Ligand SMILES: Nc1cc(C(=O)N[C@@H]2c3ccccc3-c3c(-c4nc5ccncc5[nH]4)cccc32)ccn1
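In the form deposited without this ligand, a lone chain appears below as structure tokens.
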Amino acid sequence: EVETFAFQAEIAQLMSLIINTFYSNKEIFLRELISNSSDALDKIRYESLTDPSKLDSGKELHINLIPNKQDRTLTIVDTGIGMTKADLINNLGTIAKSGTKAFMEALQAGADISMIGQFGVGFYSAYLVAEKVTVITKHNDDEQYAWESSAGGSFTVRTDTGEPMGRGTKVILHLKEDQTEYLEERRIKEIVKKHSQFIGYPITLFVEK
């Protein structure tokens, strides 16, 4: 059972801008997704400070980067607080309408796309490098769900039948044909060292057979 939703007009316009604007500094997508993961890990850690049982779904707080050249996917896994189904439909837990408003005023006032994270909509920078994004998420208060969009004005949500996550979020980037450099180990290492050196959670870059 698959539900198809229309993006709010402002969010569709944000992703069309990300997809269509000539902008060579695409590597910042990884910084933005790791920062989102760090924020989600902060949230479940804070909740656990007064309720240890919040970590019954998994005590380890970390970020994994999983490239797969055969599938042409880069997956960012975290064990953060996750998202409910309502969070997913409500723009992945962002205030994306007002954030897009401010981002687009900043762009006409000198800003560039790399500053997208300062407006709370850094997730959508995934479409700098991905033709399709799948988000698998499990929140303590809900079931496991899969969100998916190839842009074009719509997204889908379904109950996920993949591997149980326990708790957290998995962002699967189905990379564009000309963006496979972000599957190479040395390129990912360079980006993490450049932009994510002070993230307070272990970031593990998986290797491939």
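The term rigid core refers to the most C-alpha atoms you can superpose between the two forms while keeping them within 1.5 Å. Residue positions are given as counts along the sequence shown, with the first one as 1. Residues that one form lacks are left out of the comparison.
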Which is higher on mean Cα B factor in this entry, 85-93 or 98-106?
98-106
The stretch whose C-alpha atoms carry the larger average B-factor in the entry, 137-145 or 50-58, is 50-58
Options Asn64, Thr161, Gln179, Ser37 - largest CA temperature factor per the record
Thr161
By the recorded C-alpha temperature factor, relative to the other modelled residues in its chain, which third is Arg187 in?
middle
Which third, lowest, middle or highest, does the C-alpha temperature factor of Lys26 belong to within its own chain?
middle
Among the modelled residues of its chain, does the C-alpha B-factor of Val207 lie in the lowest, middle or highest third?
middle
How does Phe123 rank on Cα B-factor within its chain, lowest, middle or highest third?
middle
Here the Cα B-factor of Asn20, set against its chain, lands in the third termed highest
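We do not show the form deposited with this ligand bound, though everything after this point is about it.
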Can this ligand, laid in as it sits in the entry with it bound by superposing nearby C-alphas, fit this form, that is, is the pocket open, or is it blocked with 3 or more ligand atoms within 2.4 Å of backbone or C-beta atoms?
blocked
Is there any non-hydrogen atom of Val129 lying within 4.5 Å of this ligand in the entry with it bound?
no
Hey, in the entry with it bound, is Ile81 touching this ligand, heavy atoms inside 4.5 Å?
yes
When the contact criterion is heavy atoms within 4.5 Å, does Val121 count as touching this ligand in the entry with it bound?
yes
If you check in the entry with it bound, is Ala40 within 4.5 Å of this ligand, heavy atoms only?
yes
Pick out the residues of 160-175 whose heavy atoms come within 4.5 Å of this ligand in the entry with it bound.
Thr169
Only one of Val77, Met104, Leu92, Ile113 passes the 2 Å C-alpha shift threshold between this form and the one not shown with the rigid core fixed, namely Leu92
Comparing against this form, do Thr94 and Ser57 have their CA atoms pulled together or pushed apart in the entry with it bound? The difference is 3 Å or more.
farther
Relative to what's shown here, the Cα pair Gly93 and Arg31 differs by 3 Å or more in the entry with it bound. Does it come closer or drift farther?
farther
Among residues found in both forms, what runs of at least 3 in a row have Cα shifts of 2 Å or more between this form and the one not shown after core fitting?
90-94
